[PDB]
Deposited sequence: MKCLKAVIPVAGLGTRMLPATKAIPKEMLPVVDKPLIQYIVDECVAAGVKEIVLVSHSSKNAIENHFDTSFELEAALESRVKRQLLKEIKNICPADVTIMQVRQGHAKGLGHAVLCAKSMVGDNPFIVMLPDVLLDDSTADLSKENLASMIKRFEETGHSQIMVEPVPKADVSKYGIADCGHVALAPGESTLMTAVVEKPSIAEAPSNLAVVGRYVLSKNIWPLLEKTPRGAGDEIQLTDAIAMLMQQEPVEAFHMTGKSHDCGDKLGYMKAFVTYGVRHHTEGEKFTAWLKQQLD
């Protein structure tokens, strides 16, 4: 059974000063922290074991999914019984969230290495927590990470989620080289390299690396022999030269909340459809 490794040790300098004293993983998209969406997506894909690679400053992430004793007591002695029920059920009872401290800010590959002791010599999932997959645009129990797991476990081919971006934008992202295949949503095709921010004329595709990975167990020795130049990207490049890696075409839409503007867009997008405030918020937005 695949565990999801989630690096949550970054200090979030791109969202300052909001993140000066609260984790970037706890920024609310309307009324829910980023990390709750990530954990929900995990649960929907069938993952029951989540490994947080974390930081001394990030206690609030674990508190969010743990019992908040004084909060429940207050909810009880105010008979907010539906609210109490939801709070108690943020984390499903069969989901175990475990945490290990990174120790030093040594990059995403080092972060993954911190999780080796929980994962073992096994394949695993990596989810970058600043990117949300919008579950109003895809059934996350059947698509995206769920389908990547299925494809990985049927074929043994590592799966790296990609999404098309407009050809003018290829310079912002890591770009998959799929050899000019007409890759359609939900499909997988062999990927030979990821190019880090190419020109519009150096770009091998319009497929941008999203931040979801299902990684074969053979990445582990590569990751250990990976220079301090420590980048998960580089060990992945090392994995391609010995076994096939596939790009997986994301379905629906995603939100990069690692970026102030992307986060603001996600806030409004989730807000218009909010279960209790969506109608009033939408109407007010139109009158503006």
note = Unmodelled spans of the deposited chain sequence come out as 1-2, 232-235, 295-296
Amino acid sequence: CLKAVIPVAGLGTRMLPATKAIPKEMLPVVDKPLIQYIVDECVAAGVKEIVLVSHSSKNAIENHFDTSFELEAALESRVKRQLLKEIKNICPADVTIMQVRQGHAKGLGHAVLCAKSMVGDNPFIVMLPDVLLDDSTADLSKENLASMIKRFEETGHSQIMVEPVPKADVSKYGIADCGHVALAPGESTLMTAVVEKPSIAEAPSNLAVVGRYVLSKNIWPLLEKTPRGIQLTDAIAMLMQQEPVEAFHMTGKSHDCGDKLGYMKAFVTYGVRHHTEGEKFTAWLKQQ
From here on, numbers count along this sequence of modelled residues.
key: Entry-level comparison of average CA B-factors, 277-285 and 3-11, reporting the higher stretch   = 277-285
ask   = Looking only at CA atoms, which has the higher mean B factor in the entry: 234-242 or 60-68?
value = 234-242
note = Comparing C-alpha B-factors across 122, 188, 144, 82 in this entry, the winner is 82
task = Please pick out which of 260, 32, 225, 253 has the largest Cα B-factor as recorded in the entry.
result = 225
inquiry  = Considering every modelled residue of the chain and its Cα B-factor in the PDB entry, is residue 100 in the lowest, middle or highest third?
reply    = lowest
remark   = Chain thirds by Cα B factor, record data; residue 134 belongs to the lowest
message = Taking only the Cα B-factors deposited for this chain, tell me whether residue 92 sits in the lowest, middle or highest third.
response = middle
inquiry  = Among the modelled residues of this chain, does the Cα B factor of residue 193 put it in the lowest, middle or highest third?
reply    = highest
remark   = For residue 166, the third of its chain by CA B-factor is the highest
